[PDB]
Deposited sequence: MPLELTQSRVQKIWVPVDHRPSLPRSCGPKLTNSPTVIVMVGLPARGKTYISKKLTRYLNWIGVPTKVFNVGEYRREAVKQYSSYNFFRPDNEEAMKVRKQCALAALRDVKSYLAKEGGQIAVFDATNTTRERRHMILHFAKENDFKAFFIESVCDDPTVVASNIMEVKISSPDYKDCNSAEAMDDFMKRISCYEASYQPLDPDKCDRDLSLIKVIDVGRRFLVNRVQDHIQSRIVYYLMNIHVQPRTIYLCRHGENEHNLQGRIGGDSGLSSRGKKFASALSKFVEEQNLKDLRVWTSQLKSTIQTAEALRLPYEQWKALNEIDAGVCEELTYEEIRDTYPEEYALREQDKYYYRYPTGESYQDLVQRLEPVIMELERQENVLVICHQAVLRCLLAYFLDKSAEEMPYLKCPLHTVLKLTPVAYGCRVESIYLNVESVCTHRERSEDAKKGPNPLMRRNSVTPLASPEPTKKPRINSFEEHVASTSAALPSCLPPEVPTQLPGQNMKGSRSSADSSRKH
């Protein structure tokens, strides 16, 4: 009824004249033998939830273990008859759960990913008890895969080169790790939604996503997690990101708008076409925004492309078509507010980087399902997408560097994405702007 508009995020809020006074968090429990992609799922899911704004953190019991033990000697550390190490392993689990408690009850976290094997009913029972007693929801993710080819390949890809094997050649690293896995085999009790685990909320991922069993999804975040797990795959592939060729507003320093390519932006577009041909890709999808400059760039390729409105550049609202010099002059306060809080700032009647993230989510979801893809887009859009793939925070996203006429080439390696930059050697202007009391204290 009486409301004021917040100056940064442009949100209407009730005017509070007295500010002097005055949906449980969730633990995701990983389950499975070693080298089943538990840690891979932990990190990727966490990169997703963070980028869409649900604060999430991975608690990797193995890293608590390395912290406490220092150098790994061999699989003998994991024998079920190793009384002292079984004890230390338990201690690492319980220290991880203490931090889980602190994260969720004290540091404003919403999702805690408890990444360990959790292969016995007894250990899962204790985790349930800890969640109940603290009022957290529990959701279980079990990865099941007995294909020896996938296990072998997982070991080569992430295990022989982990810190546990700093000292090792490949063949013996592999040999140690195989025996380490067989340590857990005799006591492993897979999740059983028919009998014993009927009242648990869970997903079983089977044969790398070929099949899934889902029991009792409870809420908003749980059903998204399941949809996300069902749409990612481990096939190797490549993602290319770039901006439209230089346009005429770029030549004028003007933001937003819908102008066409300059003669350089056009020369870039032919360079992009030769570059793509030289990559020699089997099938390649091409995506653009609905703005003219990205579409003119894609036409030079002579490949089919799809236009997405969700890839249009951030909307500057009343500042569209203006230069930054015009904005500082006409809207000095809006100018200063954007520089102090560039992620959360919304242009009047336009958008923030925060809004851009929400709108790009379906683009990200579909990119997960594709193989080879080239995305021709815009400066602020490209920073968002890059923040997702490279795991950058919200505070750094609006400052990521993404110059004109340069392709960022992303390849899946280990637990994330390697980025490689290829500048296509066509000049263009620079659109990157770096991050930028006296009277308001006494002795005025």
| item | value |
| --- | --- |
| Deposited residues without C-alpha coordinates, grouped into stretches that follow sequence order | 1-2, 25-32, 447-453, 462-520 |
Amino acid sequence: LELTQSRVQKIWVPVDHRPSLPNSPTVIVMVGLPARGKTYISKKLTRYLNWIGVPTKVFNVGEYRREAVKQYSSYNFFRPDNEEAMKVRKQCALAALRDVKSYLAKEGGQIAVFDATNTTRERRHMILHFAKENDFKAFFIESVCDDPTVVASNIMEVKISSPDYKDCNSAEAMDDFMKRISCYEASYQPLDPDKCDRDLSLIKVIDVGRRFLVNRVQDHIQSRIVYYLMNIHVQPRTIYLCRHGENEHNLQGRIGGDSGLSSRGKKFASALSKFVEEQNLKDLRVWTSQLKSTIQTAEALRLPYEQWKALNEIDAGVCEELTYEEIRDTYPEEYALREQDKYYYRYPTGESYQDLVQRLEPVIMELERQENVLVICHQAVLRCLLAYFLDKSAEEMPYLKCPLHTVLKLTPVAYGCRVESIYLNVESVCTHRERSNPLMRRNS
From here on, numbers count along this sequence of modelled residues.
query: Across other compared entries, residue 25 missing in at least a third; finding: no
query: 420-428 versus 13-21 - which carries the larger mean C-alpha B factor in the record; finding: 13-21
query: 142-150 set against 164-172, stretch whose average Cα temperature factor tops the other in the entry; finding: 164-172
query: Residue with highest C-alpha B-factor in the PDB entry, from 351, 333, 361, 313; finding: 333
query: Residue with highest C-alpha B-factor in the PDB entry, from 100, 116, 295, 205; finding: 100
query: Lowest, middle or highest third - CA B-factor, residue 395; finding: middle
query: Entry-reported Cα temperature factor of residue 309, expressed as the chain third it lands in; finding: lowest
query: Residue 365 - which third its CA temperature factor falls in, relative to the rest of the chain; finding: lowest
query: Cα B factor band for residue 344 (lowest, middle or highest third within the chain); finding: lowest
query: Residue 243 - which third its CA temperature factor falls in, relative to the rest of the chain; finding: lowest
